[PDB]
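Engineer: If you scroll down you'll find the structure; I have some questions about it.
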Amino acid sequence: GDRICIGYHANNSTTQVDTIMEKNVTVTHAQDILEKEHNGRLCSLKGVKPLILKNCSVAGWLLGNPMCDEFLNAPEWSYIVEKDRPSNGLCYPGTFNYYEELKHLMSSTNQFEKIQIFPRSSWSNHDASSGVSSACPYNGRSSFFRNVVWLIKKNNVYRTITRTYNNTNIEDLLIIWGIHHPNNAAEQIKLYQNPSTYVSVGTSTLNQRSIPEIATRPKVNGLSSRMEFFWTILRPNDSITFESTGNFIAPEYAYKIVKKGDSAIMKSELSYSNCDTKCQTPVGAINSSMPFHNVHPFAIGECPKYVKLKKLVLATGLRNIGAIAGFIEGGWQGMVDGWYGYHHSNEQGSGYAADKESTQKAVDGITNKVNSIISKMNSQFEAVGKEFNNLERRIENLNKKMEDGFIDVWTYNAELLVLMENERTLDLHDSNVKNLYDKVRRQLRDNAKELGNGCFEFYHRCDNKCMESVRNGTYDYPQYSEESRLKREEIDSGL
Amino acid sequence: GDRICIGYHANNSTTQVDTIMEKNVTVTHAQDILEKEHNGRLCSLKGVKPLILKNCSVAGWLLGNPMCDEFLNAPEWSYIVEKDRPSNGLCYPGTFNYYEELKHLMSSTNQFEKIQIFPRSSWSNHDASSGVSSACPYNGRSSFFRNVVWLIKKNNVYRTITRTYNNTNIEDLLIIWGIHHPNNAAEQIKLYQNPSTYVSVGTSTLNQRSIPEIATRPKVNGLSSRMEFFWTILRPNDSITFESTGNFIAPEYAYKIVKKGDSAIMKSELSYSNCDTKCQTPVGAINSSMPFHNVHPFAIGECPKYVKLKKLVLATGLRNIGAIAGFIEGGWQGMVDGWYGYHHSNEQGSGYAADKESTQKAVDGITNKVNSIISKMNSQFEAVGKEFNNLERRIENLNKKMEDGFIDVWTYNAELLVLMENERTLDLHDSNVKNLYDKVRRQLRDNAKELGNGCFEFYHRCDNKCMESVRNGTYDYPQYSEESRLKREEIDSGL
Amino acid sequence: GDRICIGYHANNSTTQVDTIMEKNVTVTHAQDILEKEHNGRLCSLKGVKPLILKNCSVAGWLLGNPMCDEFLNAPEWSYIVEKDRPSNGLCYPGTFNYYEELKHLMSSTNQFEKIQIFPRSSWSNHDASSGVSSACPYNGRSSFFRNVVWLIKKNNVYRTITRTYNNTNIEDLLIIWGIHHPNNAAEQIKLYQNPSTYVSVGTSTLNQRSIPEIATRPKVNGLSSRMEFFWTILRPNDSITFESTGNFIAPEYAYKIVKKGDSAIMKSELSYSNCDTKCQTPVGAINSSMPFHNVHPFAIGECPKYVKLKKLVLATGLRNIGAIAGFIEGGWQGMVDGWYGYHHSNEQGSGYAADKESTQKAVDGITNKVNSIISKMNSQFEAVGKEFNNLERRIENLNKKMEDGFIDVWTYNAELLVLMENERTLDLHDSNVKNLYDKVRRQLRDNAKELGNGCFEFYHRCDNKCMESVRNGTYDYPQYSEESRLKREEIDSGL
Ligand SMILES: CC(=O)N[C@H]1[C@H]([C@H](O)[C@H](O)CO)O[C@@](O)(C(=O)O)C[C@@H]1O
Ligand SMILES: CC(=O)N[C@H]1[C@H]([C@H](O)[C@H](O)CO)O[C@@](O)(C(=O)O)C[C@@H]1O
Ligand SMILES: CC(=O)N[C@H]1[C@H]([C@H](O)[C@H](O)CO)O[C@@](O)(C(=O)O)C[C@@H]1O
């Protein structure tokens, strides 16, 4: 009899962590940091709903393809949702210059206010109502983009247009016009009389003469003619003037950029649901509680950081061991109010008291190390949506290499952080147990025999009063020194 | 007499590793991970040979400059080899719009099948044979690109061309045509009669009128006229139609894109050799066995990862120490079946038995740590070839900064990994030796005297039977306890 | 009496370092590595002054807007300083094609030599003096760009111009011309007679017909006409020829690129001062001594590496503890010639001698670890200035994401390096103290009692002669063995 042991926590847990050295090492306590689930819905962003384009494309919406709903209310939006291949684009076929730049401008835009600038009924000198085509049905009749006017000769005359708009607003105006490319010479005269036409646009920044390119082309949604659209931003106190002798597709409405800020054009097939998040991905939404996730790289909002991994587990507590009679042999399921502690074994004592002078000091630096690593990735790379046309392959791939490039880097960083500080977390516990022992060993010196398993046996009488002497760094050799010098002489001369 | 020592491996090796702390530290065992050699040849890629353009440029090949060999067999290729400054490009001088994009499309292309679409002999209404020039010799005569036709007025007439090709294939067609820019008004009429011409191309995606730009230019390979080429991809079930009144350089053959996949345009001066690899660089080929290399950044195939370093050496074993009588003093050349072990010294014994209960457990986590680091760079940045024209300097440099940017990062990563896990590999060995000792010390307690060099001297009689008691965690104090309590009393009272 | 203690340095220092584990840990010795100050001036770069554009823009300078000073001396420059929004650009309004590419070419250019190529007085057939406008005042009169000529019909005639320059220099020539876009048909005839004009330019690389685009535009600095400029580099032994029938803005002077090399276009509002640096930022200059700084990302010269941090402190020495009687309790302010050492306490001795066999060996690997980390970031990402026009937003943001992307990475790297090697630096010190103890313990074995605080008490007589026996790894048990075996028997049998 008359013993004392130094040991560590153990418990029912089976959570598993990894290090540089070892795979799958069971631990008392561990915290997962990788979000891997999503809700498959398309939610609003902290109260603010997305602009859902339905089966339409940004060009369809802006130009007002008869198939796409105007947004009469002038709403703000948190992001824009476009299908992967929308069906309602340029219903009348053609091209839309610097389209992918316009889309990129939408990503920093949060609210438009549509405003009339040239009212459709103000083109006295031309036919403002025959410009419709079979390619643009609204309710089965022939129609046309709501937001632009296809001007056509009135009375076999086409008087040269010169018209101007002064932008008297505080905001930037986004303005869109177009020019018509007929398929033969006979049709050019049929529509605009003058055989040779142009479309001129002037602002202080932009000067452009546009000319009708007549070619023989396949049928797209029915026609072989084409229509090419342009666009520009008109700054406040600047004016724009158009002049043409034909082929001019004039704007009726402009778009007040009224709210800039964080936004995005997400490509997704989903539709809206009565729901809200702090983090949206194209395939659903994320419970942004954990610091990392692997659901999708193109997440927007207040999001955890994306890493290409399948799990990522911090270690916070000991390894998990029975495990009897001191630390050399494992940990004590019977310790519960700490991680490292002791075991009494006295004339009166039972055992199992914890040294939270070093257990709090360890839960101290552990949960302080824990989100100091979470915060050291606050600067991590968050990817951003961009699009490129068929003649921009090189930089599309430059952009791809760049975004995958950083994601691989930050993934490497994330993993190496966990593996390394895992190994240092466990290496800490051991040294903590191992110093508990020593704090006892350098108190009880002569008066006890090191038993080689992690316990000491007393060359004196202990009492419970004094077994707090050793826990508290209190025990003093002299007051039990003589009683021990006695008995060790007697084992020396025992049986 | 009556001793036992705890010591470690040492041997003839002189391999040197580095850490954060120290340079050039000799070790028992080490493994190099940096490939630094190449074979200076240009080999096939795992059975599949490269398309070697010889003295020609991608434009020369595609257009079929009379100097460049057609590839009649329609071969597939693993990569494309272009000289740094080929001599057979546009032999007739001009430009080739979105050339560097076309080159980039080749990088994802593995096989072409050339196919006739407008047979040279089907232009009844024009002269299909006078379009040759002194700038394009084949066998010293005047000639011209094999794959396009220089159409010229037949009989002082040039009837307006309108011709169409429906792409009835499953594959994408790559199609190339051109327009002629004469040097004076008199020559334009000399060749095409009509003073004012155009070249119109239509597909469902592309609409383009092209117009002859007459200027006065220097002589390039003899001429002052110019020729500008265009190109487009015609998707299946789409058609293309050309129409012109002159200056039209019509396609004869199109290129079926038949195999897409991994490929590349390597710039190299070398030529092919009877040889094969899994990794090709522009300056030769690589024995892809090791995980890193430093031969060249633009390597293709199944390649080790490029890092800008001169050596990179993993440490796997101990430091390298004579080194006599226990671990405090160095390692034992005489231990051979392990890394850590013991030394007998008995009434019968010699010494030098290894504790492979902790030597296998160390060769365990070492070669497991070894390629866990190799695999943690499986996601590393691999650079990709791209080209940019003289007006694309900014993004050419963006691309350069990006690729050097990641290579510096990954090089830093690679080195810090080795240095750090080197320091933890050696720090492991020491703690392994140092725990061998303790496993012995906590067995033999009273019955032996710690000699301070790493050995114990027995206060009892040992025998070989029992010196496996201490190796095997077997030795039990009581069965030799009385014989020791005897003698230590007698040194206490000896001489 | 008769003692000896093992302890460590401590001193007046209050410098604070951080690790993964703990914040704000005081240390004996530490070195700051983050430059955070600048001088707010704009200095020369190692003797070589910047080209200060004052209120002008690169286009103003090159074209020689009457408001911008020519640089008659043909100076070289280390960098170029442009205000954020200069006031002297195209005073005559228009555009300047591939402007941001030209600016990028300046960044690799260090010296121009302006040279006449078409002397203003050599246009016999046209009016070379009426081309001035109210938009370009010099000293209040009407004027025009010094470096180009606005050619205007002489005598209601405009004979077709064809003029050529052979570049007979070793250097690349930078050449700039322009074309005039009038506001109405009547003005085009007023200035150039011929109603329909063109501007043709030929080199071996460039072929271009330019055509006057007449539109109705707002007034910029007074006018509604516009002027569009072009530019090209003419390589040596190549020639260029222009021809026009009107609207031609002809070059007078060209720019010999005479010195290429490292340079930059810094945007800054500052002006020059009598001052020099090795590192310039847009907001001032940097004492490039430390390895990292956080003043500004766009620093040029021989600069420390930019990291987005507020402090970065290496730990080099111990923690900072009174701290009495051995290492278990703290460090000794009284040790001064080392970091770890001893304390005598003898029949004659006082104490406090240092073991610089392990103190030099620690100042060894510490200052070797110190700039091995500084040198492991020698490859770090240095950002580079680039500009993009309003239709290049996507790649402008690609470039921004890329540069912030690497800066976040390298900042993470920098911090993790310090935190981790800080923790290993302190963890070293402790193990160094802790091995000092042991080197003593395994010498003095039986002959001393471990006192549990870090000191030993001698079972024999020591003398100063022998207390170097223990410092020097010299002390040998036998020569004091008998005197100790005596007294320990007497404590066993003492009071
Ligand atoms: C602008 C114009 O001419 N519109 C006309 C269209 C188009 O010509 C075709 O759809 C080809 O564009 O043809 C109509 O019969 C129709 O579809 O109602 C009459 C209409 O006025
Ligand atoms: C298309 C054409 O006109 N080809 C003719 C060429 C070219 O005119 C010159 O090489 C300048 O292009 O001149 C020839 O004497 C020749 O070289 O055989 C006759 C030939 O028919
Ligand atoms: C090239 C030209 O015509 N220059 C003339 C200018 C410009 O016409 C206007 O500034 C509009 O460009 O007008 C003047 O009265 C002037 O300002 O001295 C005469 C001068 O010769």
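Starting from 1 in every chain, residues are counted up; chains themselves are A, B, ... following the order of the structure tokens, and ligands are numbered from 1 as listed.
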As an NGL selection string, please: every protein or nucleic acid residue near ligand 3 (cut-off 12 Å, counting only C-alpha atoms and all ligand atoms).

Structural biologist: :C and (91-93 or 127-138 or 140-144 or 149-154 or 180-183 or 187-192 or 219-227 or 247-249)

Engineer: Could you build a table of the residues in chain B lying no more than 9 Å from chain A, giving for each the nearest pair of atoms and their separation in Å rounded to one decimal place, using only C-alpha atoms, ordered by chain and ascending residue number, as a Markdown table?

Structural biologist:
```
| residue | atom | partner | partner_atom | distance |
| --- | --- | --- | --- | --- |
| B:98 | CA | A:391 | CA | 7.4 |
| B:100 | CA | A:394 | CA | 8.3 |
| B:101 | CA | A:394 | CA | 6.5 |
| B:102 | CA | A:391 | CA | 8.9 |
| B:104 | CA | A:394 | CA | 6.6 |
| B:105 | CA | A:393 | CA | 8.0 |
| B:162 | CA | A:216 | CA | 8.1 |
| B:199 | CA | A:215 | CA | 8.9 |
| B:200 | CA | A:215 | CA | 5.5 |
| B:201 | CA | A:215 | CA | 6.9 |
| B:202 | CA | A:217 | CA | 4.5 |
| B:203 | CA | A:217 | CA | 5.9 |
| B:204 | CA | A:218 | CA | 5.9 |
| B:205 | CA | A:94 | CA | 8.0 |
| B:206 | CA | A:95 | CA | 8.6 |
| B:207 | CA | A:215 | CA | 7.5 |
| B:208 | CA | A:213 | CA | 7.1 |
| B:209 | CA | A:213 | CA | 5.8 |
| B:238 | CA | A:218 | CA | 8.1 |
| B:239 | CA | A:218 | CA | 6.8 |
| B:240 | CA | A:218 | CA | 7.3 |
| B:241 | CA | A:217 | CA | 6.4 |
| B:242 | CA | A:216 | CA | 7.5 |
| B:243 | CA | A:216 | CA | 7.2 |
| B:365 | CA | A:21 | CA | 5.6 |
| B:366 | CA | A:21 | CA | 7.4 |
| B:368 | CA | A:21 | CA | 7.0 |
| B:369 | CA | A:21 | CA | 5.3 |
| B:372 | CA | A:20 | CA | 7.5 |
| B:373 | CA | A:20 | CA | 8.0 |
| B:376 | CA | A:412 | CA | 7.1 |
| B:377 | CA | A:412 | CA | 7.7 |
| B:379 | CA | A:408 | CA | 6.0 |
| B:380 | CA | A:408 | CA | 6.8 |
| B:381 | CA | A:405 | CA | 6.2 |
| B:383 | CA | A:401 | CA | 8.8 |
| B:384 | CA | A:401 | CA | 8.9 |
| B:386 | CA | A:394 | CA | 7.2 |
| B:387 | CA | A:394 | CA | 8.6 |
| B:395 | CA | A:395 | CA | 8.1 |
| B:398 | CA | A:398 | CA | 8.9 |
| B:399 | CA | A:398 | CA | 6.7 |
| B:402 | CA | A:402 | CA | 7.2 |
| B:403 | CA | A:402 | CA | 8.8 |
| B:406 | CA | A:405 | CA | 7.3 |
| B:409 | CA | A:409 | CA | 8.3 |
| B:410 | CA | A:409 | CA | 8.0 |
| B:421 | CA | A:20 | CA | 8.6 |
| B:438 | CA | A:452 | CA | 9.0 |
| B:439 | CA | A:452 | CA | 8.7 |
| B:441 | CA | A:452 | CA | 7.7 |
| B:442 | CA | A:452 | CA | 4.1 |
| B:443 | CA | A:452 | CA | 6.7 |
| B:444 | CA | A:452 | CA | 8.9 |
| B:445 | CA | A:452 | CA | 7.4 |
| B:482 | CA | A:495 | CA | 8.4 |
| B:485 | CA | A:492 | CA | 6.7 |
| B:486 | CA | A:492 | CA | 8.5 |
| B:488 | CA | A:492 | CA | 9.0 |
| B:489 | CA | A:492 | CA | 7.2 |
```

Engineer: Please return as a PyMOL selection string: the residues of stretch 255-291 of chain B that backbone DSSP assigns to strand (DSSP E or B).

Structural biologist: chain B and resi 255-260+265-267+272-277+279-281+284-285

Engineer: Find the spatial neighbours of residue A:174, counting only C-alpha atoms, within a cut-off of 6 Å - ignore same-chain residues fewer than 4 positions away - and output them as JSON, numbers by chain.

Structural biologist: {"A": [233, 254, 255]}

Engineer: Expressed in Å to a single decimal, how great is the separation between atom CA of residue C:148 and atom CA of residue C:81?

Structural biologist: 23.8 Å

Engineer: Considering only C-alpha atoms, state which residue in the set A:72, A:67, A:56, A:179 is at the smallest distance from residue A:96.

Structural biologist: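 Smallest distance to residue A:96 is found for A:179.
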
Engineer: Which neighbours of residue A:58 fall inside 9 Å, counting only C-alpha atoms, when residues of the same chain fewer than 3 positions from it are skipped, and could you give them as a ChimeraX atom specification?

Structural biologist: /A:53,61-63,82,89,102-103

Engineer: Check the DSSP output for the backbone and give back, as a PyMOL selection string, the residues of stretch 116-194 of chain C in helix (DSSP H, G or I).

Structural biologist: chain C and resi 120-122+185-192
